[PDB]
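A quick write-up on the structure given underneath.
Every number here is computed from the coordinates shown, using simple stated rules; none is lab data. Because the Cβ atoms are built from the backbone with ideal geometry, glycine has one as well, and the counts that use them run over all protein chains shown.
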Amino acid sequence: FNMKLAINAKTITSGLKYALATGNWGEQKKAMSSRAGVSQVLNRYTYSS
Amino acid sequence: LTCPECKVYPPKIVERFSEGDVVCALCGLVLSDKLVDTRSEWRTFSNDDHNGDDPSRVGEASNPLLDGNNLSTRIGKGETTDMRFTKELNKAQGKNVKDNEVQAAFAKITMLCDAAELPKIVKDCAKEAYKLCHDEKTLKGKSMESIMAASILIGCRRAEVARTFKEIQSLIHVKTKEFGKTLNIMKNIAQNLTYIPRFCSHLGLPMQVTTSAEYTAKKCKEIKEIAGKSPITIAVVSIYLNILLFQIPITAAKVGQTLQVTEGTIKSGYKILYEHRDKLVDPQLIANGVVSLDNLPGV
Amino acid sequence: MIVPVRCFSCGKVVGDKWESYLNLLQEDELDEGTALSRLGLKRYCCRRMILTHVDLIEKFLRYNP
Amino acid sequence: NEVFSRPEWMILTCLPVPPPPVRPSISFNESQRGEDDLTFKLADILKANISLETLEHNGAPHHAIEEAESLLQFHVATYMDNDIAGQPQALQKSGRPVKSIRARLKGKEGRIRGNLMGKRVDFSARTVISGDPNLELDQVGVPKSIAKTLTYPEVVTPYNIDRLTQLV
Amino acid sequence: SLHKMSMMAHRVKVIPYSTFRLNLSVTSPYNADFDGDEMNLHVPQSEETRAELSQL
Amino acid sequence: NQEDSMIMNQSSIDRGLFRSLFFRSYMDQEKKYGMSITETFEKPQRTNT
Amino acid sequence: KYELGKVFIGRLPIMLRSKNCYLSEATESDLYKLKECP
Amino acid sequence: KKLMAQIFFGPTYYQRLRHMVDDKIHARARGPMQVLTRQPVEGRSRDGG
RNA sequence: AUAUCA
Ligand SMILES: [Mg+2]
Ligand SMILES: [Zn+2]
Ligand SMILES: [Zn+2]
């Protein structure tokens, strides 16, 4: 029972990276209904913005 | 295209994309009027639309190099769906389905690269090396978990991703002599500097030590001081020389442990290099603590 | 960021007056309204130039290269 | 109607296959190639067909055939319409549902509402408007750049010939 | 464009600066203001089409 | 200045009133398409491109 | 029933200025050297 | 000449907004066409109609 | 797909 073969790191790593990036808060590249726009690019027009 | 009026051999023509025309740059004759935006047209195949609202999104991109041309959708749940018909139409796809299932050996390569911390360009070379040699009569009956373990070092040896064969022996599995012969029948169809970053990091040495070890090891080879010792040993030895020269030292036991070499062997290379320690170091190396060239162990 | 040379509305040079204004406040303790007026900034267009300036350059200088 | 629409013609026996114009392909860079959702959906129909043909030809296991028929039924059906009530949608790897033919005609932005009943056009121009007390009621101030882009095709005639030659 | 008056035929007047200038009294039919509104311009290509615009 | 328009002192504009800096950033990758095909950073020659 | 370490599992993105972020215990002059805006 | 009216005059804080005419202005007269429909492409960006 | 513009 080789440990490195057992636990797939990419599962949680890219699983969070997907949500945060795209914004479809759910698993994963097969998302719907998933809630899009949960994560979005921070407005940097003005400081108040 | 070539202008029908002029005809000069290097046919100088411009694509005035903005006016949607293709012009002959010499006479000015328009050679074509229908002109399409390839960027936006490609946006219809590979988009950001995963929901399904885009009316522009109407196709999908495929990879004819890796999976040939296998167009195939998947029966899945939609908005208004009974969980019954999904099962039946999927249980019906089971009777229509061997080699169209050996593509799950790509899932073996993908799960091995991600367990070996390997880039996206390496997987796609390992998957192309495996697709073009898994049904060969030249490989015949080699250990099927050692021919995909050999096609990962084939994909790494083109994508410039330093991975020793003993690094892939740790992943799976590998029988050494078995995946060493298989790494040659497919090939018909590392260096000192490679290890230095990782070994040093585990060692916990500074950039200064890494650079010097890296310089020494190269010089050792250039000098041909170590006739045929394995590069891993050379590197571990060089790391020993440089580190001992600097403040934060590391012992043979500790270097060997990281390099996965034995102290005796590191000793072997080290003593061979030591005689030309002076030539080996970077010129602006600063020996510190109390370790100058004269004082280095010499062991 | 960095004092405007010349008031936008009338174009009276205001570029020289900055340090002098900042000095009449620390060194002379003087209130803003007197310092401006001392410096001969009489029209409100000219007054607003110095009075409402934010010398961001000084923060910008705090970064190394 | 005995000529144009006999009821026997509602059940599909032969399938008209649309040409590439209706389902364009794009050849990017030798390892990237894009096919239209219809070309995908067709290939499934075909695969499901080729399968069921082999089953009938061979030893027909009755219940393993009708199992493969109602798969074919699905692919053909889902190709004309993917938004079917009760049935599962045919999905395309990325999780997105296949753009059926129905769905291309349907909405605003469909072929009807959005390519025929209204469409974008050439000899069009758009910019920020501003007022003018010095323009006459019936005129419109046109920016030089906009005038220099928009064109009128004028026929060379004795009346304009000289003028036209000058603008040329 | 909920009006026939939301699309009207005007005389060109080539001018400098990047905005479409309109007479103020023609504001109301279009329902325009100058708070950042944009407007569309279409050019007829035939003597026939031009007549349609100018005459109707 | 009728119907939400305004008049600006062209004299003031010259003196720096309301000017602004503008920075756009263009990006590009040198992508690797499988075992052989690789994009390149270079000045294309019009005869072989 | 008789009887006969620390593993990596993933990379979690950090929110800036949080406890785990480097910039949390950062002074004004610190941030400037780090080419961040205070 | 003096104005018969007296003008309400004084400083007021005015903001410069992201909408500038030159990033808006657009004109087309024959240009790129879509592949499927063979109709003018979309948006200022793409030199659409 | 989000944000936004009148
Ligand atoms: Mg308005
Ligand atoms: Zn020509
Ligand atoms: Zn002034």
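Between segment D:120-168 and segment B:45-98, what is the separation of their alpha carbon centroids in Å? Centre-to-centre (Cα) distance: 51 Å.
Relative to the dominant Cα principal axis of chain D, helix D:65-80 is inclined by about 10°. In this Cβ point-charge picture (+1 for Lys and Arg, -1 for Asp and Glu), chain D has a dipole of about 640 debye about its Cα centre. Each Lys and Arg Cβ is given +1 and each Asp and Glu Cβ -1; about its Cα centre, the protein assembly as shown then shows a dipole of about 1560 debye.
For segment G:1-23, the residues whose backbone nitrogen is under 19 Å from a point 7 Å from the Cα of A:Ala6, taken along Cα to Cβ, are G:2-11. For the residue pairs B:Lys12/F:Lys43; B:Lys123/B:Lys218; A:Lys10/B:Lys108; D:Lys41/D:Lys99, the C-alpha atoms sit more than 20 angstrom apart in B:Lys123/B:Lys218. Taking 15 Å as the straight-line reach from the Cα of B:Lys34, the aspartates and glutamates in range (excluding those fewer than 8 positions away in the same chain) are B:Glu15, B:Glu19, B:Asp21, D:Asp122, H:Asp47. Helix A:10-22 axis versus longest C-alpha principal axis of chain A: approximately 20°, rounded to the nearest ten. Sequence-distant contacts, meaning Cα pairs under 8 Å at least 6 residues apart, place the relative contact order of chain C at 41 percent.
Among C:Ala35, C:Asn64, C:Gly15, whose Cα sits farthest toward the positive end of the charge dipole of chain C (+1 at Cβ of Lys/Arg, -1 at Cβ of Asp/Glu, about the Cα centre)? Comparing the listed Cα positions along the dipole, C:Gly15 ranks first.
Residue order for H:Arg30, D:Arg6, fewest other beta carbons within 10 angstrom first, comes to D:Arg6, H:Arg30. Report, in degrees rounded to the nearest 10, the 0 to 90 angle that the Cα long axis of helix C:17-26 makes with the longest principal axis of chain C. For helix C:17-26, the angle is close to 90 degrees.
The order of E:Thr19, C:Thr34, H:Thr12, C:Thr52, going from fewest to most other C-beta atoms within 10 Å of their C-beta, is H:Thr12, C:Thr52, C:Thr34, E:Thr19.
The DSSP beta bridges internal to the protein assembly as shown are antiparallel in roughly 75% of cases.
Across chain D, the longest run free of exposed loop sites, meaning trypsin sites (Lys or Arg not before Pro) lying outside DSSP classes H, G, I, E and B with no more than 13 other Cβ atoms within 10 Å, spans D:1-107. Along chain D, the exposed loop sites are chymotrypsin sites (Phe, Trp or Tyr not before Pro) outside DSSP states H, G, I, E and B with at most 10 other Cβ atoms within 10 Å, and the longest stretch free of them is D:5-158. For chain C, just say rounded, prolate or oblate: build the C-alpha gyration tensor, square-root its eigenvalues into a ≥ b ≥ c, call rounded for a/c under 1.5, and beyond that prolate if a/b exceeds b/c, oblate if not. It comes out oblate by the Cα gyration axes. Straight Cα distances below 20 angstrom link B:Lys177 to the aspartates and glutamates B:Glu136, B:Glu145, B:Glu167, with same-chain residues fewer than 8 positions distant left out. GNM remark for chain D: springs join alpha carbons under 10 Å apart, and the peak mean-square fluctuation among D:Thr149, D:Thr157, D:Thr39 falls on D:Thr157. Ranking B:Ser238, B:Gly180, B:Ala105 by Cα position along the charge dipole of chain B, where only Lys, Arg, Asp and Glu carry charges on their C-beta atoms, puts B:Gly180 farthest toward the positive end. Neighbour counts of C-beta atoms inside 10 Å place B:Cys24, B:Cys200 in the sequence B:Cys24, B:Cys200, starting with the fewest. Measuring between alpha carbons in the structure, the pairs from A:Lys30/B:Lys137; B:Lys224/B:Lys254; D:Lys108/H:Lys24; D:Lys148/E:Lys4 lying more than 32 angstrom apart are A:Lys30/B:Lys137. Shape class of the protein assembly as shown from the alpha-carbon gyration tensor: oblate, with a/c at 1.5 or above and b/c at least as large as a/b. Segment E:4-56 and segment B:176-194 have Cα centres spaced 74 Å apart. Within a straight-line Cα-Cα reach of under 18 Å, F:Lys31 can be paired with the following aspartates and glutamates, leaving aside sequence neighbours fewer than 8 residues apart in one chain: B:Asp124, B:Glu128, B:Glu160, D:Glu30, F:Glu39, F:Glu42.
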